[PDB]
Amino acid sequence: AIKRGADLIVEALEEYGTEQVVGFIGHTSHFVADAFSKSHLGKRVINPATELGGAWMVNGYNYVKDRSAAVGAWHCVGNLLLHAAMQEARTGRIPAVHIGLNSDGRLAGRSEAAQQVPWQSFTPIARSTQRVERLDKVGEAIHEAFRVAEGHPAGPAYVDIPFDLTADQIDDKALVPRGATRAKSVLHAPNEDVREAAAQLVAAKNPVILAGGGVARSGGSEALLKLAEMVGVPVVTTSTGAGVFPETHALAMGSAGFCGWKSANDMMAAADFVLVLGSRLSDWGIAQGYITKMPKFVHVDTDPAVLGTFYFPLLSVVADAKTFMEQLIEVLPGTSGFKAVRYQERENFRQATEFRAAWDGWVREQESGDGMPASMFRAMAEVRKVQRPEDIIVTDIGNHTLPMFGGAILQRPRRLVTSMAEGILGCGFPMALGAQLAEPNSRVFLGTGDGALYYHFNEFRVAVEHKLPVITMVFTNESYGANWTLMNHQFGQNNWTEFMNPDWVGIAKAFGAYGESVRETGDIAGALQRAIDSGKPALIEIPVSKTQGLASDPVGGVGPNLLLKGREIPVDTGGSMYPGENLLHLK
Amino acid sequence: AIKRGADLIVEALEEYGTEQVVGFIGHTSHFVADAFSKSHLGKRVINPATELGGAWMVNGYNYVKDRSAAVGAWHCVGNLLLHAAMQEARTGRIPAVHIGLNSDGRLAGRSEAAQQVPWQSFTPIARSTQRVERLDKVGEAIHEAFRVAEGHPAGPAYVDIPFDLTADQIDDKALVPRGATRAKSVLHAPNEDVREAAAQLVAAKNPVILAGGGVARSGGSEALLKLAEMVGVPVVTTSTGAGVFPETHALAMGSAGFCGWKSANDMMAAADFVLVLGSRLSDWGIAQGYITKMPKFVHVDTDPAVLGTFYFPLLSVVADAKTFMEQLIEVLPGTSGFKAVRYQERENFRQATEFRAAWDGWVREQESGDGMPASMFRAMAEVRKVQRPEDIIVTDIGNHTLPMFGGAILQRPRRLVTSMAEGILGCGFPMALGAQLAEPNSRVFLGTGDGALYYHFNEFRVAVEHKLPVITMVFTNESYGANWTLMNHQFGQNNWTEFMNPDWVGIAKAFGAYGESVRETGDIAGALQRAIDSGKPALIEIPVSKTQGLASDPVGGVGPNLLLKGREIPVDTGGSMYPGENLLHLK
Amino acid sequence: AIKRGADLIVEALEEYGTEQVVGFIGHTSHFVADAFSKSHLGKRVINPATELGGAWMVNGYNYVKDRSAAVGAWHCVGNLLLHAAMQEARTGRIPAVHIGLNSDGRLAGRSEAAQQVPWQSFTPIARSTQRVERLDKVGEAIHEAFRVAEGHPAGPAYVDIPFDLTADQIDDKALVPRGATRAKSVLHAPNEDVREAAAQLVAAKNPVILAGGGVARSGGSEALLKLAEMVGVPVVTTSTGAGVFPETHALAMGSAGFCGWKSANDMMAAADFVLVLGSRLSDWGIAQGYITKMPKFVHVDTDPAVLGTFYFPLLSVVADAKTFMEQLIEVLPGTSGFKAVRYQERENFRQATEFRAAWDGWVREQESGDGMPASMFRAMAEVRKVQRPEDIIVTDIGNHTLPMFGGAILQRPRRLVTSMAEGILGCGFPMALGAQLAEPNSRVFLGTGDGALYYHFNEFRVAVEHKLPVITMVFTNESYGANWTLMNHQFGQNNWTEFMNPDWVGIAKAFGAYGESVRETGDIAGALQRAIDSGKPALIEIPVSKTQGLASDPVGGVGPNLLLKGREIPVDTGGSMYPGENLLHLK
Ligand SMILES: Cc1cc2nc3c(=O)[nH]c(=O)nc-3n(C[C@H](O)[C@H](O)[C@H](O)COP(=O)(O)OP(=O)(O)OC[C@H]3O[C@@H](n4cnc5c(N)ncnc54)[C@H](O)[C@@H]3O)c2cc1C
Ligand SMILES: Cc1cc2nc3c(=O)[nH]c(=O)nc-3n(C[C@H](O)[C@H](O)[C@H](O)COP(=O)(O)OP(=O)(O)OC[C@H]3O[C@@H](n4cnc5c(N)ncnc54)[C@H](O)[C@@H]3O)c2cc1C
Ligand SMILES: Cc1cc2nc3c(=O)[nH]c(=O)nc-3n(C[C@H](O)[C@H](O)[C@H](O)COP(=O)(O)OP(=O)(O)OC[C@H]3O[C@@H](n4cnc5c(N)ncnc54)[C@H](O)[C@@H]3O)c2cc1C
Ligand SMILES: Cc1ncc(C[n+]2csc(CCOP(=O)(O)OP(=O)(O)O)c2C)c(N)n1
Ligand SMILES: Cc1ncc(C[n+]2csc(CCOP(=O)(O)OP(=O)(O)O)c2C)c(N)n1
Ligand SMILES: Cc1ncc(C[n+]2csc(CCOP(=O)(O)OP(=O)(O)O)c2C)c(N)n1
Ligand SMILES: O=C1CCCCC1=O
Ligand SMILES: O=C1CCCCC1=O
Ligand SMILES: O=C1CCCCC1=O
Ligand SMILES: [Mg+2]
Ligand SMILES: [Mg+2]
Ligand SMILES: [Mg+2]
């Protein structure tokens with residue numbers, strides 16, 4: 001049957017499981033928009049204020065879904081705004097398919113052409129970059145994009161299609177690949193490796209299980225709870241893993257790292273052995289700038305590239321995290337040295353509970369006071385009083401990241417959202433809107449700095465039109481507070497850190513969102529109640545200090561090395577000159 | 001003297017004539033910001049709301065200056081936002097040096113590293129992309145960047161410097177190249193070429209001189225006025241050339257092209273010969289999607305790559321525009337057939353004045369009218385009543401582009417600003433702020449769509465803090481009106497075009513800008529005067545139609561081919577299968 | 001008319017002035033080879049032993065022609081051999097169009113595909129890299145390739161065409177661009193610049209004119225002779241400029257640089273002013289590893305990118321070399337201080353003739369001597385006894401390069417050929433075959449090392465079949481003699497330098513070439529005469545020392561810095577670890 005390339009694009013997207021389209025209009029996307037209007041995808045298309053805001057929504061949506069359920073579809077030069085969000089998806093393991101409609105292929109390669117997008121700029125970023133030359137390759141290329149995006153490692157795939165192909169027509173027989181079943185990802189470990197890991201766990205004086213975001217992707221929460229209680233071993237997470245183990249449990253230390261919980265950092269410093277499940281041991285994660293000293297450890301991942309790249313394990317194992325834990329549960333009764341007793345009765349339990357109690361005491365101290373400015377730990381204590389197990393916490397990047405991570409106490413996977421891998425400022429608001437689109441009946445709370453909110457608050461258009469009831473706290477300090485604080489330490493003076501805020505309540509009201517400031521009241525509790533009652537996107541202005549959080553608060557970190565010390569470098573005396581030095585030799 | 005890398009960067013920027021920095025803080029830019037605070041250039045730093053907004057400011061500043069007088073300096077991941085603005089600077093011939101401070105060079109190449117920016121993503125976009133490996137190359141790299149950016153063709157240069165080199169120190173002897181060197185750009189043509197062009201001009205029955213942006217870069221206004229009057233020849237411009245010839249002159253036909261003046265398109269259709277000076281005959285300029293039929297023509301440019309790429313001239317000449325005109329003026333008295341006659345008495349004068357009169361009458365009709373929705377030609381007529389010769393007109397991309405081009409009547413060069421080469425939505429507001437920074441004796445009037453203003457209105461923080469009294473007219477239609485209109489022509493139905501606006505007056509007020517709506521009053525003249533009187537950046541909300549301008553108004557255009565018709569494409573019958581087709585051959 | 005893509009390719013190559021094809025068969029080049037067999041150009045096809053050998057032939061042919069008169073046409077995977085020759089054409093300013101026929105476009109992008117050539121591997125090398133997507137772009141792409149290749153700077157252009165488009169057919173109306181267009185390259189300087197250069201030249205006590213390869217491209221020999229005699233100024237060349245000034249003239253100092261004439265290096269050290277015409281002042285040319293100290297200088301080039309990149313001139317001028325000289329000759333009589341005097345009576349004449357005499361005496365000593373091992377200066381003295389003014393001297397890269405440059409005494413341009421820009425071993429033999437194809441009225445003498453001849457002596461198949469009577473002297477030392485010598489200077493010990501030779505006379509005989517060894521006879525003069533008399537390609541085996549030439553002979557050089565001295569580098573003490581260091585902190 002004769003079909004337009006635009007219709008075939010829509011058909012392929014539907015075949016591979018697309019639920020949500022984020023699209024931007026222009027003459028190159030006209031046929032695609034027309035085709036979507038005839039599909040069940042048409043109704044709920046999001047047309048964002050900008051393409052980078054929309055690309056952040058795709059990342060929030062897909063981070064919580066663990067598949068490319070949201071897709072981008074972009075008119076030519078709007079694809080030039082994608083790179084920042086695309087880079088986060090790469091290193092942050094977010095599946096995400098982007099379809100770029102380029103200008104007419106007849107005009108490609110002409111030196112004075114307009115809007116001929118340099119798709120080769122994505123080659124260093126996307127996990128897959130494809131330029132489609134021929135109409136009969138459109139289905140094929142979209143099939144490949146999903147294959148790469150939803151693999152191990154997950155990441156972004158970009159497909160560039162000159163838009164004349166979207167207008168052209170062809171017979172459709174077999175053109176969209178249909179009917180594939182993917183390989184299972186329940187990879188089992190060798191029995192000997194399971195037994196060696198069991199033997200280490202039972203021999204250790206102060207063991208730890210370290211669960212990263214792979215445990216969430218694997219669906220391993222039930223197995224982790226059973227394992228940790230059976231061996232009686234404290235659980236530490238990464239920031240992407242937080243919530244895979246209930247953080248109200250006596251064994252829960254929280255997340256290790258420089259914006260994490262001191263209980264977790266104390267536990268990692270005390271440990272003699274670690275079982276690492278589904279973590280890449282990253283720079284701004286466990287490695288803390290490659291300064292952290294790992295105890296002896298077993299490392300279990302589905303991606304061999306992460307195993308042994310920097311930290312050399314005692315044993316590296318290619319396996320699924322859930323599956324590995326189930327294998328371990330089966331072998332432990334027959335492991336020499338294993339004793340089946342309640343976790344509360346183990347010798348290692350007191351030290352772990354002490355670390356947690358000391359952390360919890362510090363956090364309670366940070367929640368105290370009723371000043372202006374307010375404490376961001378106090379703001380999070382108020383969120384917790386109105387927070388359900390399914391609800392999602394979002395943050396942006398800055399001093400505020402630390403109190404958001406420290407005040408988040410989670411019970412389910414994928415409830416903590418940000419630009420985890422890259423720390424790209426401005427992510428938080430649009431990622432929160434994407435997460436809300438993915439889970440319409442979950443409540444989404446965002447804690448954002450003022451410098452951060454400046455980026456994409458234009459997306460209040462989408463929030464108000466689509467009635468996305470995200471509750472946003474904007475922490476105001478008239479500064480890039482992390483940099484204010486760090487530069488004062490480093491040089492004795494800050495520069496480039498200060499700015500004027502708008503009347504944020506006035507901004508919210510100008511869009512038709514709920515707005516309220518607690519500057520004169522301190523009534524964070526009441527503001528959250530009123531925001532929730534509104535049924536609208538909401539903005540609550542909360543004044544904070546320039547110093548609280550990332551750049552100041554003692555959580556047991558060792559890195560990263562942000563305030564590096566320069567070295568004196570020798571000149572080159574081999575005889576070659578600098579450019580222009582010729583003039584200095586003239587007599 | 002022992003100096004930090006950061007200090008050497010600042011010294012190099014000052015040496016090569018930097019006047020204005022647009023810079024964004026983060027730990028990788030800390031040493032550079034500290035260095036700037038100790039220097040003359042430190043007094044002129046804009047900290048923008050976002051890096052893309054700031055990169056658009058660099059483009060507006062440098063478009064009007066024709067050199068890289070503004071420079072960008074960005075913390076690592078913020079560089080990921082630059083690509084859209086950088087692509088405009090490339091094809092639009094805007095000099096622009098961007099300094100990206102990457103993360104620690106020690107951490108480069110590690111797969112789980114944070115904030116290691118893929119500088120190779122700029123290779124297909126910048127005219128020069130350099131990754132600096134060594135401290136003793138920092139001055140050399142910056143020198144090279146300016147040389148490439150300020151060449152023929154002009155464009156963007158990106159320099160990636162790992163930030164450890166900014167903290168490191170070295171003896172500075174000869175390290176920053178001083179005393180640089182620059183050839184004149186007054187390239188002279190051979191006498192043969194001059195004589196042939198003069199003979200063609202004199203022999204023509206209906207000649208035209210076509211003046212592009214190269215006449216502006218050349219400084220050729222005085223020579224062009226003398227040559228046009230001496231031979232008695234109508235003048236047509238490109239959109240970047242508008243204003244090099246006084247647009248109130250009897251011989252001024254205005255700009256050719258699809259958003260241009262119908263007098264210019266009429267004259268181009270009537271002409272038997274064209275002398276083209278400083279134009280690249282581009283897709284969305286004179287070529288109109290490569291549909292325009294050029295008369296026999298002589299083509300004169302400083303860049304040989306533009307000569308003969310698509311339109312084959314009678315004669316191609318490598319020469320400076322001002323210089324070539326001066327050579328022609330000297331040769332005309334001894335050219336066969338030449339006689340000195342007043343231009344008003346030449347046989348071709350009446351035809352040209354008739355074309356201009358017809359256009360002027362149509363413009364008067366488009367201004368004719370009071371009430372709401374307002375005509376954008378009426379808005380421009382009101383601007384002209386309060387416009388000085390050095391004032392600058394800025395537009396964004398959309399239906400509104402055509403009335404902004406058509407209602408701009410200019411008397412000096414470089415007074416008309418937009419994303420001319422690439423048509424990138426949202427350029428207008430930040431390019432206007434950049435232009436105002438560069439040209440503090442110019443009043444800057446921006447006519448922007450609502451869909452466009454949505455992108456970078458966050459930059460009202462810069463406009464208010466730096467007291468930049470740009471007068472912005474936001475034309476409201478609650479639509480991407482160009483696409484509503486094109487899609488209605490193409491399909492009889494629009495999709496992805498409609499959206500809500502905030503209360504734009506409320507937005508302005510929340511930033512401390514002047515705000516006023518004429519929705520109820522129709523009082524455009526009063527709103528302009530009150531906006532001028534305030535001394536502040538101003539936002540005037542003006543309701544308009546969905547359809548007026550680019551996608552509807554007949555100005556004599558022939559292209560581009562935005563609404564292309566699909567072709568039926570044969571399948572491949574070679575024998576090879578589609579992916580997944582194997583399952584269809586099982587029985 | 002309906003035409004195959006293959007036919008349209010041939011038509012385009014003929015239109016843009018192709019004279020010679022170097023082509024390699026495979027199924028992807030079948031249609032193109034069939035098309036060539038039906039065309040005028042089909043009569044001039046070389047099928048080389050390998051694609052790299054053939055690409056070197058294209059370089060030799062086009063170096064001497066200064067246009068892309070030879071073109072490559074290659075079956076898919078054979079394109080993978082081009083990169084070395086392509087890189088020489090880029091930095092050495094050799095025009096060269098290469099047409100790669102890729103595998104079926106239907107199969108592109110499949111991960112398990114065969115012979116899908118990564119054309120993106122050429123992007124960092126060619127001046128233009130184009131992948132053609134559509135049959136109706138084949139003529140356009142070829143047109144663009146010639147425009148880039150034959151520009152300023154000249155260089156290589158690569159066009160990748162999937163071979164299905166060569167079999168496909170289309171109506172040909174307007175598809176191959178005809179009537180192309182080309183601006184003159186006689187760029188004139190402004191009068192100010194001409195007058196200043198003349199005043200500097202006249203005021204100097206010890207001037208020099210430095211003439212590079214741009215004087216050859218310009219055709220400026222006649223003007224240079226007149227200018228040098230009129231002002232009475234010694235002439236120095238680059239290695240690509242040698243022969244633009246008659247090297248038997250009293251004012252001829254020869255070529256400066258590390259493999260040049262000591263008379264030229266002496267004169268450059270004595271000079272108070274230099275006028276540089278058509279030179280890029282390159283690393284292994286005049287810069288000598290960026291160590292050379294230039295006197296105050298005026299720098300004149302057609303390519304602004306060479307002016308002021310490293311050596312900062314007193315004055316930079318964009319102009320054609322021949323033209324600028326002609327302008328100078330016209331201005332000199334009215335320049336203050338100028339007087340017409342015979343050059344032999346100027347006060348600077350004696351110094352220059354003394355330099356040349358000292359060099360000539362040293363060369364005579366180096367020729368002094370009979371017996372074995374032979375002096376390579378003696379071999380060149382024997383060539384000169386049988387050398388015509390249009391004959392061509394070719395060399396490879398090694399110790400032997402210096403005596404080939406030093407014993408070549410030339411009277412016309414473009415008579416000295418090698419991999420000048422990149423020093424790529426094995427260039428000599430195939431570049432000599434290319435040069436012979438281009439210049440059938442030239443006798444071509446190649447002086448090659450043994451290590452070099454090893455690369456492409458397989459091309460004796462081409463030399464014999466096409467009756468190309470190149471006279472090759474193979475200098476035998478059973479070593480990479482430059483590296484034996486440099487390593488002995490550097491370490492007191494060589495490594496990886498020594499090897500066996502075949503019986504080279506036997507090799508020649510096995511191909512049907514003339515072969516003779518002088519190992520027993522010393523009879524170089526007789527061997528040259530017998531080789532000429534045969535009418536065949538010839539190989540003369542001449543034993544030589546391991547050490548004579550580049551790495552040993554004192555010619556007044558100061559660089560480059562090939563034998564650099566290491567520096568002690570501080571470690572990083574920031575706190576971060578090496579990969580695997582974790583295991584060292586466990587106790
Ligand atoms: C300002 C700032 C502060 C931060 N502070 C911290 C902090 O204090 N602590 C912290 O942890 N992070 C912090 N981060 C986040 C950090 O940068 C990383 O994003 C994070 O630590 C990576 O988590 P992960 O190692 O679990 O790997 P992820 O990035 O979540 O990747 C998942 C891993 O699991 C594997 N995997 C996937 N599926 C499976 C499966 N089925 N079975 C087995 N393996 C699987 C993958 O191959 C990969 O190795 C911070 C970031 C910012 C911007
Ligand atoms: C929505 C939209 C609508 C548009 N409508 C129109 C329209 O109607 N008409 C129109 O013209 N454009 C229009 N444009 C702009 C268009 O896309 C191009 O940006 C513009 O036409 C290019 O102008 P130009 O040819 O003068 O070259 P520029 O881009 O200005 O480049 C300068 C040229 O002059 C040469 N040059 C520089 N210095 C010298 C010198 N000293 N001497 C000689 N030569 C020199 C350069 O090498 C180059 O060729 C539109 C753009 C958009 C986005
Ligand atoms: C082992 C080895 C040893 C070598 N030894 C030496 C040595 O001793 N001395 C030496 O000189 N080189 C030597 N070379 C060669 C050297 O590396 C360079 O290839 C050479 O010096 C470059 O010559 P050039 O500066 O004349 O520029 P070219 O590479 O010849 O480039 C031509 C220049 O002229 C300009 N030009 C072109 N047309 C015109 C025109 N119409 N008008 C004006 N300008 C024009 C171009 O833009 C360019 O700047 C050696 C190479 C090797 C491999
Ligand atoms: C795109 C981008 N620009 C800049 C930065 C550097 N950066 C990281 S956190 C931060 C401060 C953010 O300020 P704000 O949102 O107000 O939070 P606070 O530090 O005040 O809590 C900055 C400037 C970045 N990571 N990404
Ligand atoms: C980044 C980007 N996204 C999208 C577009 C496509 N586009 C061009 S003009 C236009 C309409 C803009 O709407 P508005 O600013 O309201 O102007 P109007 O057409 O209503 O005058 C759009 C969507 C583009 N060129 N660049
Ligand atoms: C492809 C390549 N490989 C290696 C070299 C390094 N190289 C340059 S000169 C030289 C010696 C060549 O030996 P030969 O041809 O025998 O000349 P000789 O030095 O003995 O005169 C070598 C190995 C190079 N420049 N290019
Ligand atoms: O989508 C469009 C419509 C025409 C002008 C520009 C553009 O991007
Ligand atoms: O980009 C960042 C992130 C957190 C530390 C400070 C900074 O500038
Ligand atoms: O040219 C060919 C023919 C088929 C085998 C391989 C190849 O390259
Ligand atoms: Mg803040
Ligand atoms: Mg609009
Ligand atoms: Mg040898």
# chains A, B, ... in the order shown; residues from 1 in each chain; ligands from 1
$ residues_near_ligand --ligand "ligand 7" --cutoff "7 Å" --atoms "only C-alpha atoms and all ligand atoms" --output "ChimeraX atom specification"
/A:25-28 /B:397-398,423-424,482-483
$ closest_atom_pairs --of "chain C" --to "ligand 3" --cutoff "6 Å" --atoms "only C-alpha atoms and all ligand atoms" --output "Markdown table"
| residue | atom | partner | partner_atom_place_in_ligand_line | distance |
| --- | --- | --- | --- | --- |
| C:92 | CA | ligand 3 | 29 (O) | 4.8 |
| C:93 | CA | ligand 3 | 29 (O) | 5.8 |
| C:153 | CA | ligand 3 | 47 (O) | 5.4 |
| C:212 | CA | ligand 3 | 26 (O) | 3.2 |
| C:213 | CA | ligand 3 | 30 (O) | 3.5 |
| C:214 | CA | ligand 3 | 34 (O) | 3.2 |
| C:215 | CA | ligand 3 | 42 (N) | 6.0 |
| C:217 | CA | ligand 3 | 38 (N) | 4.9 |
| C:218 | CA | ligand 3 | 41 (N) | 3.7 |
| C:238 | CA | ligand 3 | 11 (O) | 3.2 |
| C:239 | CA | ligand 3 | 11 (O) | 4.1 |
| C:240 | CA | ligand 3 | 30 (O) | 4.9 |
| C:241 | CA | ligand 3 | 26 (O) | 5.5 |
| C:255 | CA | ligand 3 | 9 (N) | 5.9 |
| C:256 | CA | ligand 3 | 9 (N) | 5.2 |
| C:257 | CA | ligand 3 | 8 (O) | 3.3 |
| C:258 | CA | ligand 3 | 8 (O) | 4.1 |
| C:259 | CA | ligand 3 | 8 (O) | 3.6 |
| C:260 | CA | ligand 3 | 8 (O) | 3.9 |
| C:278 | CA | ligand 3 | 34 (O) | 3.5 |
| C:279 | CA | ligand 3 | 25 (O) | 3.4 |
| C:280 | CA | ligand 3 | 49 (O) | 3.8 |
| C:281 | CA | ligand 3 | 25 (O) | 4.7 |
| C:282 | CA | ligand 3 | 25 (O) | 5.5 |
| C:284 | CA | ligand 3 | 17 (O) | 3.9 |
| C:285 | CA | ligand 3 | 21 (O) | 3.3 |
| C:286 | CA | ligand 3 | 11 (O) | 5.4 |
| C:301 | CA | ligand 3 | 44 (N) | 3.8 |
| C:302 | CA | ligand 3 | 44 (N) | 4.5 |
| C:303 | CA | ligand 3 | 47 (O) | 4.4 |
| C:306 | CA | ligand 3 | 49 (O) | 5.7 |
| C:320 | CA | ligand 3 | 42 (N) | 3.6 |
| C:321 | CA | ligand 3 | 42 (N) | 4.0 |
| C:397 | CA | ligand 3 | 1 (C) | 5.4 |
| C:419 | CA | ligand 3 | 53 (C) | 5.8 |
| C:420 | CA | ligand 3 | 19 (O) | 3.8 |
| C:421 | CA | ligand 3 | 19 (O) | 3.8 |
| C:422 | CA | ligand 3 | 53 (C) | 5.7 |
| C:423 | CA | ligand 3 | 53 (C) | 3.5 |
$ interface_residues --of "chain B" --to "chain C" --cutoff "6 Å" --atoms "only C-alpha atoms" --output "ChimeraX atom specification"
/B:181,183,188,308,312,316-317
$ write_last_selection --atoms "N, CA, C and O atoms" --output "PDB file, in the first residue's frame"
ATOM      1  N   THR B 181      49.730  41.420  13.281  1.00  0.00           N
ATOM      2  CA  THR B 181      50.107  41.792  11.970  1.00  0.00           C
ATOM      3  C   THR B 181      48.797  41.659  11.176  1.00  0.00           C
ATOM      4  O   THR B 181      47.987  40.759  11.450  1.00  0.00           O
ATOM      5  N   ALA B 183      47.121  42.235   7.086  1.00  0.00           N
ATOM      6  CA  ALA B 183      47.120  42.747   5.721  1.00  0.00           C
ATOM      7  C   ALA B 183      45.853  43.603   5.545  1.00  0.00           C
ATOM      8  O   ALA B 183      44.810  43.247   6.062  1.00  0.00           O
ATOM      9  N   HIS B 188      42.495  45.195  -4.940  1.00  0.00           N
ATOM     10  CA  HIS B 188      42.224  45.854  -6.259  1.00  0.00           C
ATOM     11  C   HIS B 188      42.058  44.841  -7.387  1.00  0.00           C
ATOM     12  O   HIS B 188      42.839  43.872  -7.472  1.00  0.00           O
ATOM     13  N   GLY B 308      30.707  31.728  -8.267  1.00  0.00           N
ATOM     14  CA  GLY B 308      30.492  30.619  -9.165  1.00  0.00           C
ATOM     15  C   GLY B 308      30.119  29.300  -8.539  1.00  0.00           C
ATOM     16  O   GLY B 308      30.123  28.250  -9.227  1.00  0.00           O
ATOM     17  N   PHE B 312      26.311  31.022 -12.224  1.00  0.00           N
ATOM     18  CA  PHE B 312      27.528  31.207 -13.019  1.00  0.00           C
ATOM     19  C   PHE B 312      27.534  32.618 -13.607  1.00  0.00           C
ATOM     20  O   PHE B 312      26.622  32.990 -14.369  1.00  0.00           O
ATOM     21  N   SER B 316      33.551  36.891 -12.938  1.00  0.00           N
ATOM     22  CA  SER B 316      33.861  36.803 -11.504  1.00  0.00           C
ATOM     23  C   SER B 316      35.151  37.571 -11.196  1.00  0.00           C
ATOM     24  O   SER B 316      36.143  37.472 -11.937  1.00  0.00           O
ATOM     25  N   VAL B 317      35.128  38.371 -10.139  1.00  0.00           N
ATOM     26  CA  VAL B 317      36.227  39.246  -9.716  1.00  0.00           C
ATOM     27  C   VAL B 317      36.471  39.158  -8.209  1.00  0.00           C
ATOM     28  O   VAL B 317      35.557  39.355  -7.406  1.00  0.00           O
TER      29      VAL B 317
END
$ residues_around --residues "residue 457 (chain C)" --least-positions-apart "4" --cutoff "12 Å" --atoms "only C-alpha atoms" --output "MDAnalysis selection string"
chainID C and resid 48:50 53 426:433 448:453 461:464 472 474 502 504 507:508 510:511 513 537:539
$ calpha_fit_rmsd --fixed "chain A" --moving "chain C"
0.3 Å
$ atom_distance --atom1 "CA of residue 272 (chain C)" --atom2 "CA of residue 248 (chain C)"
24.3 Å
$ atom_distance --atom1 "CA of residue 119 (chain A)" --atom2 "CA of residue 82 (chain A)"
11.2 Å
$ select_by_dssp --residues "region 398-446 of chain B" --states "alpha helix (DSSP H)" --output "list in words"
residues 401, 402, 403, 404, 405, 406, 407, 428, 429, 430, 431, 432, 433, 434, 435, 436, 437 and 438 of chain B
$ closest_atom_pairs --of "chain B" --to "ligand 1" --cutoff "10 Å" --atoms "only C-alpha atoms and all ligand atoms" --output "CSV"
residue,atom,partner,partner_atom_place_in_ligand_line,distance
B:112,CA,ligand 1,22 (C),8.4
B:113,CA,ligand 1,17 (O),8.4
B:114,CA,ligand 1,17 (O),6.4
B:115,CA,ligand 1,53 (C),8.9
$ residues_near_ligand --ligand "ligand 9" --cutoff "12 Å" --atoms "only C-alpha atoms and all ligand atoms" --output "PyMOL selection string"
chain C and resi 24-30+74-79+101-103+114-117
$ residues_near_ligand --ligand "ligand 12" --cutoff "7 Å" --atoms "only C-alpha atoms and all ligand atoms" --output "JSON, numbers by chain"
{"C": [449, 450, 451, 475, 476, 477, 478, 479, 480, 481, 546]}
